[PDB]
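> Take a look at the following structure, please.
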Amino acid sequence: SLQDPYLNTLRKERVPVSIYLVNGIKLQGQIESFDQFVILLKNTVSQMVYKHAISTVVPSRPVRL
Amino acid sequence: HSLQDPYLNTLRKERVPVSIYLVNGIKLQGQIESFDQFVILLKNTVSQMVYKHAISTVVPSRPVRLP
Amino acid sequence: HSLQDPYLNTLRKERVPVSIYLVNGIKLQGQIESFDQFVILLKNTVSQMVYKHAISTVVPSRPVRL
Amino acid sequence: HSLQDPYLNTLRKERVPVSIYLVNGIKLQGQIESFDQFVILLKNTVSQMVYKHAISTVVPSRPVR
Amino acid sequence: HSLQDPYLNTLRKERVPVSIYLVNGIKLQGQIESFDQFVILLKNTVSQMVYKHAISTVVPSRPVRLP
Amino acid sequence: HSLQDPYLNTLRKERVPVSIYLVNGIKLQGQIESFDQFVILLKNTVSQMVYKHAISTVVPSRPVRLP
Amino acid sequence: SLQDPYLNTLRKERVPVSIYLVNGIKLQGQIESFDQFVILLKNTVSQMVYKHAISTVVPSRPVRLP
Amino acid sequence: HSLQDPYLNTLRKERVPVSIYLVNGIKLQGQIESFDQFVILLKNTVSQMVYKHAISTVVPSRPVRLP
Amino acid sequence: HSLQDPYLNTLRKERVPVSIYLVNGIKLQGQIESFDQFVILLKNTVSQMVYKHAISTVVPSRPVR
Amino acid sequence: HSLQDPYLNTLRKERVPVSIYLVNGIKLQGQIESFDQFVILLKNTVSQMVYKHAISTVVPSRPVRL
Amino acid sequence: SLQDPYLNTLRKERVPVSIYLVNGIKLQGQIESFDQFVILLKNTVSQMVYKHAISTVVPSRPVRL
Amino acid sequence: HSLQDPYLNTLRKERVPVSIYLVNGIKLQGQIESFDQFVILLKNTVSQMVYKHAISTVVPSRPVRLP
Amino acid sequence: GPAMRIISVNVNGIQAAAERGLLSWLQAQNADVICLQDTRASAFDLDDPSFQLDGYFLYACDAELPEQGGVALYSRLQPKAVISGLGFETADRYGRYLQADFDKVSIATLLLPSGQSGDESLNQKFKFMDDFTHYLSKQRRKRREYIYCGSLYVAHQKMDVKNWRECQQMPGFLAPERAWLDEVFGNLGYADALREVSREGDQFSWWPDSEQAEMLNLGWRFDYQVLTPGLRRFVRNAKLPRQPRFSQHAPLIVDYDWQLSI
Amino acid sequence: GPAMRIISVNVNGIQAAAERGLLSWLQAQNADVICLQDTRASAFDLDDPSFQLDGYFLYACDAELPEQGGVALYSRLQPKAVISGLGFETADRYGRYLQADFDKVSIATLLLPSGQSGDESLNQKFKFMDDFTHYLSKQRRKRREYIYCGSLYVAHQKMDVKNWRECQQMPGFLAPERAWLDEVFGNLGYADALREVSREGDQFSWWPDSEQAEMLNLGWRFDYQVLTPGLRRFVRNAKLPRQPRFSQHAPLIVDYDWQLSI
Amino acid sequence: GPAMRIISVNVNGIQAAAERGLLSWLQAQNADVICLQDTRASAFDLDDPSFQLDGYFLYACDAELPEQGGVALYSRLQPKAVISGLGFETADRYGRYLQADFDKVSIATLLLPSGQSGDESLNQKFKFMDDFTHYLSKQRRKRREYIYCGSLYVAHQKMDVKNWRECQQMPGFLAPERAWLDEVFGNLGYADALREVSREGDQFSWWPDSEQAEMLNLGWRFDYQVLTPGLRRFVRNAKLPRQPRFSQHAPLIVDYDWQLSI
RNA sequence: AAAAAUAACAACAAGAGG
RNA sequence: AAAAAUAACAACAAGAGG
């Protein structure tokens, strides 16, 4: 796979992410943790996002694997 | 799955008011009463069911703590 | 499937009118005749084959419980 | 998959004018010539392959079964 | 998959110029040459790989047959 | 099965600048830097990931075919 | 001069008039009496509308001038 | 001529409350104490001189008739 | 004085539709029936009298004289 | 003629600070220093000339007697 | 006086004027002829402007008196 | 008639940059060229005509002599 | 309860519609205000007693050249006022606007140049559309309610035409035209009467003279009742009766819940 | 025929007004939706049966700190949905917005911060004002009708205050406060439900607690029913009673020509 | 096509800029309005026919003590009006405001007392700016879109000076005056033409009379084109040249993308 | 808290929420 | 074709017609 090590390395180094949904809307925060169907996103409140609604994950800084 | 069940069940138990955003941008505000593998019931004033493949995100109105 | 099926069954065998909101916003109000794992058949002037990957929410007109 | 099979078979073998309302709001009205999983074929002046993962509803225009 | 593989294979052997309609409604015009369980290759000035999860209908320009 | 991964590896090797199209109808140019079975990555200025469930189409900018 | 015969003909027949002032305001009533300078009309209380503030006087029934 | 001096002098000597409406819609409550054929004087807190060429109507709150 | 009555009588005789602008911006519009020293009267559907000290301009609909 | 002449002379003698209101609502504080049949001189930080046909009311601040 | 020789000089050599009304509406044109009570303006149709609506008369090209 | 014209003469001889407020509240600066019994003229870039029955107030920006 | 019916049939000549049976139809429809566009007849040709419907007052505003415009309005109740002209040149002279002012609402009738006669007609249509957007911007500060019974010759959306991809280049579906109707209906707040009670597809107001373009229902929707926002909740019915037609255009019959007064 | 009454009294604490006889008056006014702002009570305080009017449903929105805001809503028939909070921070945190979605209309209950304490409240008020304008820019695209029964704490015109020359500096009549209501009512097209029927003066909705200012009637007007443009023709009787007041405010009783439905 | 060039110059004396060659630059730059602050001359001094520029109109307001103030304005066509001064005695006695008045826009040259001859002139500057803010409180309601060519002698924010740590106490960078001009030209919504093209500093308009300041470059950006927010989005060009400078200051050349007209 | 449904935008680097 | 009426903008160089 690729999403699991990439989101692990996006989590542990506290990379701020901008997440774009299939409706076109933008979410921002750190990743808390993730699972086969969900991503939990931290900002003003602990938020849940469903993987089946995310189009893209855009980091703030360059991250590497 | 693994993070899925712990989150929704804790929003269920402590009666936290949620705002489920569906994939159009419809904000369904309410209160998670029960959920299976596929659907979530919420109760604002009439108890409705919500399919998970039509959900984009769940945002609470106050924080929640997960083990 | 533990909570999928008895809710629609209580909507089914009591013949109470229901309101199906689809994934783009279309509401379809009528009655539920039967359902599958993939399909609900709605009842109005003519029957309909609602695929349940387009359904979003289900609002009964009077409330039910399992 | 236990009660969509006789429904589409009944709409096919009596040859009624049906309308397939798609997910994005488009209706396509014509008559069903054959039904399978993942795929329905809508027959008209042209014969097209509609996928089942883009159909909201299927309705006949006059009461059948 | 009892019919989409003969339908698309009959539609590529006869070299029919076809219109793919996407599920947001983008009419792509081209000529389908190779197709998978998942993807369909569309020849034009370029050679695109369209996914089947984003196709609503596949419309040919002349009537075709089945063996 | 067998015609998606060779095409996608083929545009992976020669480092072609592709345009990904999402099912909301928007475009994303860039060089593909890695991929696997459920997400296609896209190296622009930043290194982003793009789900396949929400990629509408994949188009190259110059005609290269698959071996 | 059609000023004074028009107002007298509205007065004898007792026609309900509507008087539009110089600021958009209307005042509906019946012309009781008038001078060369003011106009007394009654709807609820008797009221002395000055002529230098009247723009138009429209009658509700069509009238005839002698 | 003969139809504003009985009206103003009758609202003097019976001491009615009047409301004088100006030609910009302003309403002035009081009572008519004195008048020539050019101005009206009215009173509620301080005796003011309202000019007659900016009075649109004179409306008494109690009905009156002229002798 | 010497210019007002031939102009109003020219508008009255040929039944020319005039647009009387008032001094507050209300465009009355109709035909002139008669006039005097102080009041004109116009008809659109009901005949009303219009005092000349509230008339800004008088605009005909087709050029005369 | 018979009632505004004493009422304005009794405000230019006693120099009462009057508040003279225009016909469009604009308020003007000052002191009345002269008046003919047509104008009124209003003295303040500058002394200006107000026409009577733009005046709606003339109020004083403290009450005065004719 | 000073009013009528001014307007006579304005109407002879046909000055393009802008007459500003008391409510603010400006009306442009050439002064055809006038009298004691009205001013008859003309650019595209002769309109009878009453003087008691006219605040200012503004000539564009400065004239001698 | 007995007090207006010496005031406008005293404003006429000395070039007092006077201001004329109209009855809708429009402020016209300028100087007084000449006047008659119905009209004041205004000296600025282009010489204006202004009728007295639209003038509200004449105010000099210079403290000048009273009649 | 209180009801009101308003008809806005474009006639392409009141004489041709009269010989094809317009007046014998409009007498038997029971409407309060009938609006007619492209009368193509001077005001001296309308007070001829051939055109008087019984019990209806007739008010008409013709064009200067009596073949290019001209617009009529029948009304059961006599209006408070009847005005004409929008104030700009391409309506005051070609007779493309009439308005009947009533108690709280005021019903006006409106014609537009089609832009299918030539390129200069398309320039005239663009001028009319721009300064009519200026007029609707001017009317937003007023207190009455308006029912503009227009024949705008602009199809708003893809639903309003059959085979919309073939029609992008033809006038009636250009991008400035659709942008104009997305400005008036979307941004300016004005409501469309036929869209409030029915959003079905194949409802059209105009057919070209090919019989092939009439049997396959190759239509366009050009007839509208533009409404101020204080009337978008009073619409009960809105139908375009396709068959009994008396021109190229179809009649547009709308039932409102308003009680029209004097 | 059809009728609907909505009352929007401000209570200055529902506990201090329930002792003064608020609920026994609201039971006898025959109202369909009763709007209550500045409740100053928690979520379990309105669960106690002192506040349960019979034949009504009671929904409330409390603050984090229960002394600052809190807004409640009584209803005759059950809403389709009841949501809270405008989405930004100075609205939901303090309990200032509660919205009841019915069939075609939805009745919301809004409470602005007063801004009469100090600059810490006045800057807070201005940020609520412009973020509310920003929210109202987003509701110009939806197909619902709204009744925002607000206690906006801003008087609109010179008619809504007594002695306006002495009130230009006091908070409640400021120039950036009057320009906000001149923008909500003028440019956004919303209507004032008391101005649509009666433009008589002296209709005041608020008084300071001194006795001289309440028998000389020098009061202001803070309570409005902001209406969408689709409802400006349905108001029959908007009335501000002066005598039976249960706080510094007066009730605002508006009678409409609507049928409330689910 | 579109060209509206106005250039603001602080000559610090017409007699002083007459020796360097001001007029041979003004004729060549091709500007539609040339605004001048600190003309420092009487009116009959500018009646001397050596001073007028070719093809333009000259207007000027004098000081009483003539070397202290006085402003001027050059315009290609004669305007509708030339109004002089605001109306209060710390702007008319010393003559620091002159406004030519065209259609849809008016150009006003603005000057302030310096504050560089003691604390009393700094208090004079605060008093003049106080009455100027009270003036803009009356001017915030018109529709004449205003362009103020003004020498304010105060830089706005941090990158409009160099070495501000010592310059906190010099006249021009006072912390109450900075915060108060942030309060004025904030909420009132006015703008400058400089910030619409460049959000970085390093562009200046005042220097002391010492080459010690010139090879070290401590700067002061003073000369503004105050723009009411209808012309916020219409700055065509703006440039500050510190090479052919005609005094202690530098010119300010601003193109606006309109057509100035009468 | 949602258009009983646009026979279909060769494609809005994306509307912290239509 | 017009607010049964703003106890009152020390003042909109002016809304081809509020």
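In the structure tokens, chains take the letters A, B, ... in the order shown, each chain's residues start at 1, and ligands count up from 1 in the order shown.
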What's around stretch 8-18 of chain Q at 8 Å? Count only C-alpha atoms (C1' of nucleotides), leave out sequence neighbours fewer than 4 positions away in its own chain, and write the answer as a PyMOL selection string.

(chain H and resi 26) or (chain I and resi 21+24-26) or (chain J and resi 21+25-29) or (chain K and resi 20+23-28) or (chain L and resi 21+25-29) or (chain O and resi 80-81+101+141-143)

> Produce a file of the selected residues containing N, CA, C and O atoms, as a compact mmCIF listing (two decimals), in the first residue's frame.


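File part_10.txt, as written:
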```
# COMPACT_ATOMS: atom_id res chain seq x y z
N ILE H 26 -43.92 66.16 8.81
CA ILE H 26 -43.69 66.27 10.24
C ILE H 26 -45.01 66.60 10.92
O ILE H 26 -45.82 67.36 10.39
N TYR I 21 -44.18 65.35 -15.20
CA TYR I 21 -43.34 65.10 -14.04
C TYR I 21 -43.75 66.03 -12.92
O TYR I 21 -43.93 67.23 -13.13
N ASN I 24 -41.86 65.97 -7.09
CA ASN I 24 -41.32 64.95 -6.21
C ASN I 24 -40.82 63.74 -6.98
O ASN I 24 -40.30 62.80 -6.36
N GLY I 25 -40.95 63.73 -8.30
CA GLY I 25 -40.47 62.63 -9.09
C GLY I 25 -41.51 61.60 -9.46
O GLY I 25 -41.16 60.44 -9.68
N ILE I 26 -42.78 61.98 -9.55
CA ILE I 26 -43.85 61.07 -9.91
C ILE I 26 -44.30 61.42 -11.32
O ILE I 26 -44.83 62.51 -11.54
N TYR J 21 -36.25 76.48 12.14
CA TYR J 21 -36.27 75.19 11.45
C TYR J 21 -36.61 75.41 9.98
O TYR J 21 -37.59 76.08 9.66
N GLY J 25 -36.21 70.27 7.11
CA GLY J 25 -35.88 69.64 8.36
C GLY J 25 -34.63 70.15 9.04
O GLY J 25 -34.36 69.76 10.18
N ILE J 26 -33.88 71.02 8.40
CA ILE J 26 -32.59 71.45 8.92
C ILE J 26 -32.79 72.48 10.01
O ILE J 26 -33.51 73.47 9.83
N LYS J 27 -32.16 72.25 11.16
CA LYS J 27 -32.30 73.06 12.35
C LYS J 27 -31.21 74.12 12.37
O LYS J 27 -30.09 73.86 11.94
N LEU J 28 -31.53 75.32 12.86
CA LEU J 28 -30.57 76.42 12.84
C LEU J 28 -30.66 77.18 14.15
O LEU J 28 -31.63 77.89 14.37
N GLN J 29 -29.65 77.05 15.00
CA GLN J 29 -29.64 77.85 16.22
C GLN J 29 -29.01 79.20 15.93
O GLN J 29 -28.06 79.32 15.16
N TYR K 20 -31.04 72.86 -13.58
CA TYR K 20 -31.16 72.01 -12.41
C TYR K 20 -32.43 72.35 -11.65
O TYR K 20 -32.62 73.50 -11.22
N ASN K 23 -35.57 69.49 -7.05
CA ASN K 23 -35.33 68.21 -6.43
C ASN K 23 -33.99 67.61 -6.82
O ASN K 23 -33.61 66.58 -6.27
N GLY K 24 -33.30 68.22 -7.77
CA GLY K 24 -31.98 67.78 -8.16
C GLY K 24 -31.85 67.29 -9.58
O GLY K 24 -30.72 67.20 -10.07
N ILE K 25 -32.96 67.00 -10.26
CA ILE K 25 -32.91 66.43 -11.60
C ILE K 25 -32.39 67.47 -12.57
O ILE K 25 -32.90 68.59 -12.62
N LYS K 26 -31.35 67.12 -13.33
CA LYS K 26 -30.83 68.03 -14.33
C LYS K 26 -31.41 67.72 -15.70
O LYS K 26 -31.67 66.56 -16.03
N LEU K 27 -31.65 68.77 -16.48
CA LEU K 27 -32.30 68.67 -17.78
C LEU K 27 -31.51 69.53 -18.75
O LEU K 27 -31.39 70.74 -18.54
N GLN K 28 -30.98 68.93 -19.80
CA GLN K 28 -30.12 69.67 -20.71
C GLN K 28 -30.86 70.01 -21.99
O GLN K 28 -31.78 69.31 -22.41
N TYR L 21 -27.25 78.16 0.22
CA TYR L 21 -27.90 76.88 0.43
C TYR L 21 -29.29 76.94 -0.16
O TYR L 21 -30.02 77.90 0.09
N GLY L 25 -31.14 71.79 0.27
CA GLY L 25 -29.92 71.64 1.01
C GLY L 25 -28.66 71.55 0.18
O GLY L 25 -27.66 71.01 0.66
N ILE L 26 -28.67 72.06 -1.04
CA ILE L 26 -27.50 72.02 -1.91
C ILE L 26 -26.71 73.30 -1.70
O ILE L 26 -27.27 74.40 -1.73
N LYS L 27 -25.40 73.16 -1.49
CA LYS L 27 -24.51 74.27 -1.18
C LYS L 27 -23.78 74.75 -2.42
O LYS L 27 -23.00 74.00 -3.01
N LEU L 28 -23.98 76.01 -2.77
CA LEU L 28 -23.35 76.61 -3.94
C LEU L 28 -22.43 77.73 -3.48
O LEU L 28 -22.90 78.81 -3.11
N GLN L 29 -21.12 77.48 -3.48
CA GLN L 29 -20.16 78.54 -3.22
C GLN L 29 -20.05 79.46 -4.42
O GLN L 29 -20.39 79.10 -5.55
N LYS O 80 -16.71 72.18 -12.92
CA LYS O 80 -18.03 72.70 -12.59
C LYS O 80 -17.95 73.70 -11.45
O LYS O 80 -18.60 74.75 -11.49
N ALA O 81 -17.14 73.41 -10.43
CA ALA O 81 -17.06 74.32 -9.30
C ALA O 81 -15.66 74.35 -8.73
O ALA O 81 -14.92 73.38 -8.83
N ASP O 101 -14.26 70.65 -8.66
CA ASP O 101 -15.44 69.82 -8.57
C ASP O 101 -15.95 69.59 -9.98
O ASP O 101 -16.40 70.52 -10.65
N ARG O 141 -21.46 60.11 3.60
CA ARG O 141 -22.82 59.80 3.17
C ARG O 141 -23.15 60.31 1.77
O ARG O 141 -24.26 60.04 1.28
N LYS O 142 -22.25 61.03 1.11
CA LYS O 142 -22.50 61.52 -0.23
C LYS O 142 -22.26 60.42 -1.25
O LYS O 142 -22.01 59.26 -0.92
N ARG O 143 -22.34 60.78 -2.53
CA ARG O 143 -22.01 59.85 -3.59
C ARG O 143 -20.98 60.40 -4.56
O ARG O 143 -20.63 59.70 -5.52
```

> Residues of chain C were defined as contacting chain P if any atom lay at most 12 Å from it, counting only C-alpha atoms (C1' of nucleotides); please report them as number ranges by chain.

C: 19-30, 44-46, 48, 55-59

> Do you have the atom CA of residue O:202-atom CA of residue O:242 distance handy?

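Spanning atom CA of residue O:202 to atom CA of residue O:242 is a straight-line distance of 10.8 Å.
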
> With only C-alpha atoms (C1' of nucleotides) as the counted atoms, please give the residues lying no more than 9 Å from stretch 49-62 of chain F, apart from itself and same-chain residues fewer than 2 positions off, as a PyMOL selection string.

(chain A and resi 3+6+22+51-58) or (chain E and resi 22-23+46-55) or (chain F and resi 11+16-25+35+37-43+47+64)

> With all Cα atoms paired residue by residue, do a least-squares superposition of chain I on chain D and hand back the transformed coordinates as a short mmCIF file (atom, residue, chain, number, x, y, z; two decimals) with C-alpha atoms, in the first residue's frame.


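Contents of the output file result-v2.cif:
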```
data_model
loop_
_atom_site.label_atom_id
_atom_site.label_comp_id
_atom_site.auth_asym_id
_atom_site.auth_seq_id
_atom_site.Cartn_x
_atom_site.Cartn_y
_atom_site.Cartn_z
CA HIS I 1 -30.82 -9.10 -4.37
CA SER I 2 -33.98 -11.20 -4.26
CA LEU I 3 -36.21 -8.29 -5.31
CA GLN I 4 -34.22 -6.66 -8.11
CA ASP I 5 -34.35 -9.29 -10.86
CA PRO I 6 -38.14 -10.08 -10.84
CA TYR I 7 -38.77 -6.34 -11.01
CA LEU I 8 -36.38 -5.77 -13.90
CA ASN I 9 -37.63 -8.88 -15.68
CA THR I 10 -41.24 -7.69 -15.30
CA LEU I 11 -40.22 -4.39 -16.87
CA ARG I 12 -38.32 -6.20 -19.63
CA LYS I 13 -41.00 -8.71 -20.64
CA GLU I 14 -43.98 -6.40 -21.10
CA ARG I 15 -41.78 -3.73 -22.84
CA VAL I 16 -42.84 -1.16 -20.24
CA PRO I 17 -41.32 2.31 -20.75
CA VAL I 18 -39.24 3.19 -17.71
CA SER I 19 -37.78 6.55 -16.66
CA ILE I 20 -34.35 5.95 -15.14
CA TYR I 21 -33.37 8.94 -13.04
CA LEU I 22 -29.63 9.16 -12.64
CA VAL I 23 -27.73 10.38 -9.57
CA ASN I 24 -27.20 13.81 -11.12
CA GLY I 25 -30.75 14.54 -12.26
CA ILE I 26 -30.74 13.27 -15.85
CA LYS I 27 -33.97 11.46 -16.72
CA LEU I 28 -33.11 8.74 -19.21
CA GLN I 29 -36.17 7.09 -20.67
CA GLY I 30 -36.81 3.96 -22.68
CA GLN I 31 -37.29 0.22 -22.67
CA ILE I 32 -35.17 -2.30 -20.80
CA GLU I 33 -33.54 -4.87 -23.06
CA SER I 34 -31.47 -6.90 -20.58
CA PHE I 35 -29.60 -6.58 -17.30
CA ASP I 36 -27.06 -8.31 -15.11
CA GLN I 37 -25.40 -7.88 -11.73
CA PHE I 38 -23.83 -4.56 -12.68
CA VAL I 39 -25.25 -3.05 -15.87
CA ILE I 40 -28.75 -2.54 -17.25
CA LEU I 41 -29.25 -1.50 -20.85
CA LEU I 42 -32.03 0.65 -22.23
CA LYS I 43 -33.24 1.71 -25.67
CA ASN I 44 -34.94 4.91 -26.73
CA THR I 45 -33.57 4.98 -30.25
CA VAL I 46 -30.03 3.65 -29.77
CA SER I 47 -29.32 0.96 -27.20
CA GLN I 48 -26.99 2.11 -24.45
CA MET I 49 -25.62 0.47 -21.34
CA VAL I 50 -26.24 2.12 -17.97
CA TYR I 51 -24.25 1.20 -14.88
CA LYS I 52 -26.39 0.49 -11.85
CA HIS I 53 -24.14 2.54 -9.57
CA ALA I 54 -25.35 5.75 -11.23
CA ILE I 55 -29.08 4.95 -11.10
CA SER I 56 -31.08 6.75 -8.45
CA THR I 57 -34.54 5.28 -9.15
CA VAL I 58 -36.45 3.40 -11.86
CA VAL I 59 -39.93 4.74 -12.63
CA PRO I 60 -42.32 2.76 -14.85
CA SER I 61 -44.99 4.43 -16.95
CA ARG I 62 -47.86 2.12 -15.97
CA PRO I 63 -48.33 0.11 -12.76
CA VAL I 64 -47.40 -3.56 -12.96
CA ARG I 65 -47.37 -6.68 -10.72
#
```

> Could you list, as a list in words, every residue within 8 Å of stretch 40-46 of chain N, counting only C-alpha atoms (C1' of nucleotides) and ignoring same-chain residues fewer than 6 positions away?

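Residues near the query, excluding close chain neighbours: residues 12, 13, 14, 15, 52, 58, 60, 61, 62, 63, 66, 67, 68, 69, 70 and 71 of chain N.
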
> What does the file look like for those residues with C-alpha atoms, as a short mmCIF file (atom, residue, chain, number, x, y, z; two decimals), in the first residue's frame?


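Contents of the output file part.cif:
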```cif
data_model
loop_
_atom_site.label_atom_id
_atom_site.label_comp_id
_atom_site.auth_asym_id
_atom_site.auth_seq_id
_atom_site.Cartn_x
_atom_site.Cartn_y
_atom_site.Cartn_z
CA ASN N 12 -34.39 39.79 30.66
CA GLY N 13 -34.02 36.43 32.32
CA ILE N 14 -36.91 34.00 32.00
CA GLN N 15 -36.67 33.27 35.73
CA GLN N 52 -43.87 24.02 30.16
CA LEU N 58 -40.29 24.09 24.24
CA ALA N 60 -34.00 26.18 24.05
CA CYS N 61 -30.37 27.04 23.41
CA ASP N 62 -28.20 27.85 26.41
CA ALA N 63 -24.80 29.46 26.64
CA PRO N 66 -25.61 30.67 31.47
CA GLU N 67 -25.78 34.38 32.38
CA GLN N 68 -24.90 35.99 29.04
CA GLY N 69 -27.45 34.83 26.46
CA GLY N 70 -29.78 31.91 26.01
CA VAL N 71 -32.73 31.89 23.61
#
```

> For chain C, report every residue with an atom at most 7 Å from chain D (counting only C-alpha atoms), formatted as number ranges by chain.

C: 24, 36-39, 46-51, 54

> RMSD over all C-alpha atoms, chain J superposed on chain C in order?

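That comparison of chain C with chain J gives 0.5 Å.
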